[PDB]
Amino acid sequence: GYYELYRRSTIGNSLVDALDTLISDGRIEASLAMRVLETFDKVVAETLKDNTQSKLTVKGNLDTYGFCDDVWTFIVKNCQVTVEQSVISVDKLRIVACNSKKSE
Amino acid sequence: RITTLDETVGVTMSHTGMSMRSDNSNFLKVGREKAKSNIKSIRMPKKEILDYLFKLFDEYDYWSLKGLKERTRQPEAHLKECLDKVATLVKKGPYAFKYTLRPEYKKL
Amino acid sequence: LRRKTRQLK
Amino acid sequence: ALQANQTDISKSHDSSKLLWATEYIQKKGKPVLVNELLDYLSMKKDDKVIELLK
Amino acid sequence: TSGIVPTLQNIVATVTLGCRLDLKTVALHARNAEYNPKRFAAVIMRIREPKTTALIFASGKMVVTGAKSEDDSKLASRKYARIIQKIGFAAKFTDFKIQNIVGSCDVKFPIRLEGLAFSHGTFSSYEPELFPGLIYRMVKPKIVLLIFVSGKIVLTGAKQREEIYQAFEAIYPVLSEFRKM
Amino acid sequence: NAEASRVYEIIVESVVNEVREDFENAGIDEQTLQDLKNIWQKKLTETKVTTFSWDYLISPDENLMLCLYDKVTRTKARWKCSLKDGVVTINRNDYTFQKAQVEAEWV
Amino acid sequence: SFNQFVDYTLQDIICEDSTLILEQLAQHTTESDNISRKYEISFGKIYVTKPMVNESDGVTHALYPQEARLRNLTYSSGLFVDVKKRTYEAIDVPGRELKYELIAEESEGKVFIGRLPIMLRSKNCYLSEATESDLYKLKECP
Amino acid sequence: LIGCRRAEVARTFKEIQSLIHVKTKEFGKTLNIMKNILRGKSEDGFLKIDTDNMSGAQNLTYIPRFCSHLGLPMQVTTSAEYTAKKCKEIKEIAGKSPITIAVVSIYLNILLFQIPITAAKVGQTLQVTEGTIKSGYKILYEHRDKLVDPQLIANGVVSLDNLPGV
Amino acid sequence: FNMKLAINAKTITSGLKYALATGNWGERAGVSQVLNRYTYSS
C-alpha cells in the first residue's frame, strides 16, 4: 500500500469521476472502486518511477508552507520552471509531497 | 630477511598512536552501525492500541516487551500502561517474563 | 542463552 | 475536529466493550443503571455485553 | 563610557495559556504550521510581521523566538494568541515572561584574546580549536559574552536592558586596553 | 509534450491491462473495459491539455502538481527540496521528470 | 645470534600466530537476525626501523648510542607489522553447513607493536656501517 | 588533555579524538567543567599561576611534533616556529585555529626551504584541508617580511623569491 | 573498534625493557648484567 496523495491529479479526478458515474450506473461497487483506485495508484507510481528520463527545476517565491500529518504543503507564487531552454512564468502553484518512506 | 624501513623515523611514527590521522577503516564498526536505528513513536489513542494488543494476543498468547514493542511501534511507557491495564506477565511459569492475557479476557 | 562471540582456533 | 478525530466506540470484539464499561463504572462515584451504560456505547439493544457484565 | 550601545537582536519569551491544545487540529487549520510527531513532539509556527517563530505545545505552553525587542515579542504573542482564539481554542495571557536577551555589537579594534584569557581567566575560557570566540562567563550579572578578534562582541543571556548594558559597560575597558598592531 | 503524451499513453494502457482479472472476478461483461477506456479517453480529450492518440487561516482550472520529496533543506531564506518522481502541469501543460529542485525564498 | 633473531626469528614468531579469528554467531532471537559474522585479523610481514627515540613533545629523531648512554635512554627501534582485516559473513540456517564469504571490506597499513632494544654493532645498529672516522665522529670507540 | 597542557607538552583535540572516541561537544563541556573545578580547587588550595600552560593557542608546542611527522630538518622547524610566533602580530589570522596557523607556517617555510613535499601530502598527513592550507598561504603571501627570520636571509640560505606566486 | 587501542605497544616495549633492565627473565634471573667497563679485557 502506497500513499493516497494521487487523487488530485488529472488522471486521479478522471478515475474518481468515472467510478462515480459507474456508481450511478450501479455496475461497480464501492469496495471494487476503492481497490481499483489503490492498484491504480500503485501502478501509476511504479510506472512513473521506472521509465522516465527528463529533469526539472523550479525558481520561485513561496507565500504559504505547511507540514501536517506527514505531508508537506507549499504554496509558491511567481515561480519559473524549465522545460528539460524554454522558461515560462507561473502565477500560482502549490507543492504536494509525501515522505519517501513507504506507508504501511 | 626482515625489511628495514630506511625512511625518516618521524615519517614512520606519524601514523602511530597520538596522531591526526583518524581511522577511516570500516572494520568492526558495530558501534556506529547499531546506533543508527532509532525508535520514535507517539501516543496513539487507547482504544486502537488495546485492540491491537488484543489482536496480537489472539495471534499468540505470550509476548515479551521487546517483541511486542517492535511489533506495535509504540512508546514503552504507554505500552506498559496498556499492558498492565488489561494483561500481566508470568513470574514463575515456564513462559516467565512474557505478557499474557488475563483469564477474564481469555474467554474472548 | 547463546554465548555470542567465541574463539576460533 | 476533535469529535471527528476520535474513532467510533463500536469495537470489533466484546472484550474492549466490557473493558470500557468497567472503566465507566469505576470512574463514576455512584452505581450506574443499565440505560446509561447502554447509552455510553454506540449500541443500545441487548447483546453479549450485558450478560458478560452480569 | 562607551562610544556605542549594543543592540538587542534576538529575544526569547515564554507564555503559558492555561488550556489544553491539540497539535493536530492547530496544525491542520493554521497556515504556517509544521508538525513532525516522529521528529519533534510539537508543531512549529511563524509569522512575518514581527519575524518571530512560534513553539506551539500540547500543554498550552507558548514560546516565542526571534523577537528584536520587547514590544515585538508582545505583539507577536498577541497575534499568536489571536490565532489561537480564531482557530477554535480559548487561551489567556496568564503569564508572559521574557527569558533570554542576546545582542551583538562592535568596538572596531583588534583584540588580543590570549592576554584576556590569561589575565581574566576566572571568568573566561578560550578554546580556539572548537570555536574561535572566547566564552566570557562573568558572575555579576549572569551575562555570557562572545569575544572575537574583529572586535565583534555578542552579549548573550540577558533579561532586560540594564544587565546587558552594564555588562557591556563593564567589559568595554578590559577589552579596550588590548590592542593589536 | 510528446514525452508526456507517450507517458500518459503507456499509463492508460498499463492501467487497462493490469486490472482486468479483477474486473473478470466481478462477473461483469467484456464491454466494461471498452466503455471505461472510452469515457476515460473522452474526458482526457475534453481536458484539452495533453494530446491523446486514443485573517490568518487556511481557506479543474488550477495549476496543480503531484510529486514525492526525498529530502528538504530548510534555511532562513532558501527552501530547497529534492522532489522526485512526480508530474507537474504548467499552464495546462503536463510534464514528467526524474527530479525537481525548487528554489523558493522566504518573505 | 642477535642478527639471526632480528632477521628471521621475529618473522617466524609473527607467522606462528598471525591469525586471530573472532566469530559472532547467528543470534537467532528473531528470524531477521540470521547472520553470523567471522572477524579475522592477520599479521603480515614485520618491519623494523633504525634505532630511534620519541621525546616528550612527540618529536622523533634518530638515536645514536652515545646520546642514549648520556640521556639514560633505551637504544631501541620500532617494530611494525602489516595487519590486514578480514571480515566474513554467512546466512545461518539450521541443518546447513556455514559458508562464509568476504564482504570485500579488507582494510590494510603498518601498525606499531613495540620497541625492540638493539644490540650495538648489529645489522640494525648505526655503528655496523660506520668507518673508524665515522665512529670518531659519533664519539664511539673503534 | 589537562595533563598534556599542564606539563607544557600539550596536544590538540584531534590528538585526543584519535585515541578515545568521544564527541566534540560533551568533550568541550567536560573540559570547561574540568578547568573550572581544577582552578576552584587551586584557589581553595595551593594557588598556581597559569603562565601560559592552558593557553588557547600554544602553537609553539605544535611545530616540532608536526615537523617530525613531516620529517623536516630543524632549521625548517625553527623558521616555522619564528613564523608562528610572528603570526600573532598579523591580525588577519589571529582568529584562526593555531592548528591552521602552525600548518600554514610550516608550509610557508617548506616552500621557503625548497623542501619537495606537496601540500596534498601535508594535508593527508595532518587532516587539514588543502584548500585551507592554500588560503592560509595566500593570506600569508603578502606578509613576507614580517614572518621570515631575518638572520636566515642574512646567512643567505633562503630568499623571498622562492615563494610561488598566487 | 580502534586498532590504536587494540595493539598495546607498551606490552612489548615494557616487557623487553624490564627483562633487559632487571635480570628477572619472564612474566631464573641474572640473565642480563651491567657490562664490566673496567678494562678492555674485562
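Residues numbered from 1 in each chain as written, not as in the entry; some residues may be left out. Chains lettered and ligands numbered in written order. Part of a larger assembly, values for the part shown. Heavy atoms only, no water.

This entry lists cryo-EM as its structure determination method and reports a resolution of 6.6 Å.

A few words now on the overall build of chain D. The helix and strand inventory of chain D stands at 4 helices and 0 strands. From first element to last, N terminus to C terminus, chain D shows the α and β order α-α-α-α. Overall size of chain D, expressed as C-alpha extent along the three principal axes, is 35 × 25 × 15 Å. The buried share among the 54 residues of chain D stands at 31%. For chain D, long-range pairs separated by at least 24 residues make up 47% of all intrachain contacts whose partners lie at least 6 apart in sequence. By element, 56% of the accessible surface of chain D is carried by carbon and sulfur atoms, the whole surface being about 3,800 Å². Here chain D contributes 9 positive and 8 negative side-chain charges, whose respective centroids are spaced 3 Å apart. (Helix = DSSP H or I, 4+ residues; strand = E, 2+ residues; numbered from the N terminus. Buried < 20%, exposed > 50% of the residue type's maximum accessible area, 1.4 Å probe, protein only. Contact = heavy atoms within 4.5 Å. Areas by Shrake-Rupley, 256 points an atom, 1.4 Å probe, with all protein chains shown as cover. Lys, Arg positive; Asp, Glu negative; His and termini not counted. Charge placed at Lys NZ, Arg CZ, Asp CG, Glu CD.)

Residues and elements named next belong to chain E. As for its position among the elements, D106 is in strand β6 (residues 95-106). One buried charged residue, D106, forms no salt bridge at all, with the nearest opposite charge on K152 at 4.8 Å. Engagement of the side chain of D106 in a polar contact is seen with the backbone nitrogen of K108, the distance being 2.6 Å. Excluding residues that lie within four positions of it along the chain, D106 makes contacts with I4, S150, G151 and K152. (Salt bridge = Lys/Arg side-chain N within 4 Å of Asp/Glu carboxyl O. Polar contact = N/O pair within 3.5 Å; in protein donor to acceptor, adjacent residues only side chain to side chain.)

Successive residues of a regular strand alternate their side chains across the two faces of the sheet. Residue and element names in this part refer to chain E. Summarising the sheet, strand β1 (residues 7-16) and strand β5 (residues 61-67) pair through 5 bridges and their orientation is antiparallel. By the bridge assignment for β5, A13 is matched with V64. Taking the residues between adjacent antiparallel strands as the criterion, strand β4 (residues 53-56) and β5 are bridged by 4 residues, where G60 takes a positive phi near 80°. (Pairing = 2+ DSSP bridges.)

So, about the nonpolar core. Residue and element names in this part refer to chain H. Counting residues in hydrophobic clusters, the biggest one holds 39 residues, and the most contacted among them are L72, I106, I110 and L126. When contributions to this core are tallied by element, the ones reaching two or more residues are α4 (63-69), α5 (74-86), α6 (98-112), α7 (119-126) and α8 (130-139). In terms of residue count, the dominant contributor to this core is α6 (11 residues). (Core = buried A, V, L, I, M, F, W, Y, C linked by side-chain atoms within 4.5 Å.)

Let's shift gears to the pairing of β6(E). All names here are of chain E. Sheet topology places β1 next to β6; 9 bridges connect them, and they run antiparallel. Counted as the bridge partner of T7 is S104 from β6. Alignment of β6 against strand β10 (residues 152-158), held across 5 bridges, turns out to be antiparallel. Note that in β10 the partner of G103 across the bridge is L155.

We now examine the pattern of salt bridges. What the rule picks out here adds up to 35 salt bridges over all chains. A:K49 is the partner of A:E46 in a salt bridge, and the nearest nitrogen-oxygen pair spans 3.3 Å. In this pair, A:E46 and A:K49 are both assigned in helix α2 (residues 30-49), 3 residues apart and thus about one turn of the helix distant. Classification of A:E46 by relative accessible area gives partly exposed; the value is 32%. Among the salt bridges present, the one from B:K29 reaches B:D23, with a minimum N-O distance of 3.0 Å.

The next thing to look at is helix α3 (residues 31-47) of chain F. Counted at 1.5 Å a residue, the expected span for α3(F) with its 17 residues is 24 Å, and the 24 Å between its end C-alpha atoms agrees. By the burial criterion, the buried members of α3(F) are F:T32, F:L33, F:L36, F:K37, F:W40, F:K43 and F:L44. Considered in projection along α3(F), the buried side chains sweep an arc of 135° and stay on one side of the axis. Buried residues belonging to α3(F) abut α1 (10-25) and α2 of chain A together with α1 (2-18) and α2 (20-25) of chain F. Downstream of α3(F) by one or two residues, F:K48 has phi in the positive range, about 60°. (Expected span 1.5 Å × (residues − 1). Arc of directions from axis to C-beta.)

Accessible area lost during the coming together of the parts is what is often quoted as the interface size. Taken together, the contacts link 17 residues of chain E with 21 residues of chain H. For the pair chain E and chain H, the two sides together bury roughly 1,600 Å², of which 58% comes from carbon and sulfur. At the boundary of chain E with chain H, the tally comes to 4 residue pairs in polar contact. Elements supplying a minimum of two residues to the side of chain E that touches chain H: α3 (113-119) and β7 (124-125) of chain E. Along the lines of polarity and charge, the residues of the side of chain E that touches chain H split into 8 nonpolar, 4 polar and 5 charged. (Buried area = accessible area lost by both parts, 1.4 Å probe. Nonpolar A, V, L, I, M, F, W, Y, C, P; charged D, E, K, R; others polar.)

This part takes up helix α5 (residues 76-86) of chain B. Residues B:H78, B:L79, B:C82, B:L83 and B:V86 constitute the buried set of α5(B). The buried side chains of α5(B) occupy one side of the element, clustering within an arc of 140° when seen end-on.

Glancing now at a positive patch on the surface. On the surface, E:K51, E:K68, F:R74 and F:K76 cluster together into a patch of positive charge. Inspection of the secondary structure puts E:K68 in the loop between β5 and α2 (70-87). Classification of E:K68 by relative accessible area gives partly exposed; the value is 35%. (Patch = residues over 30% accessible without salt bridge, like charges linked within 9 Å, V, L, I, M, F, W, Y side chains within 5 Å.)

All names here are of chain B. The interhelical angle for the contact between helix α3 (residues 46-59) and α5, taken along N-to-C directions, is 65°, at an axis separation of 10 Å. The orientation of α3 with respect to α5, classified from their angle, is roughly perpendicular. Note that α3 runs across α5; the crossing there is right-handed. Listed contacts from α5 to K46, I49, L53, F54 and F57 of α3 are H78, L79, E81, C82, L83, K85 and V86. For the contact of α3 with α5, a count of residues per class yields 8 nonpolar, 1 polar and 3 charged. (Axes fitted to C-alpha atoms, helices over the stretch in contact; angles between N-to-C directions. Parallel < 35°, antiparallel > 145°, perpendicular 65-115°, else oblique. Left-handed = near helix turned anticlockwise from the far one by under 90°.)

By the definition in use, this model includes 25 aromatic pairs over all chains. Centre to centre, the rings of A:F40 and F:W40 are 6.1 Å apart; their planes meet at 65°, and the pair counts as edge-to-face. Highlighted residues: A:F40 in helix α2 and F:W40 in helix α3, drawn from two different chains. Judged by its relative accessible area of 2%, A:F40 is buried. (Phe/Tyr/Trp six-rings, centres within 6.5 Å; stacked < 30°, edge-to-face > 60°.)

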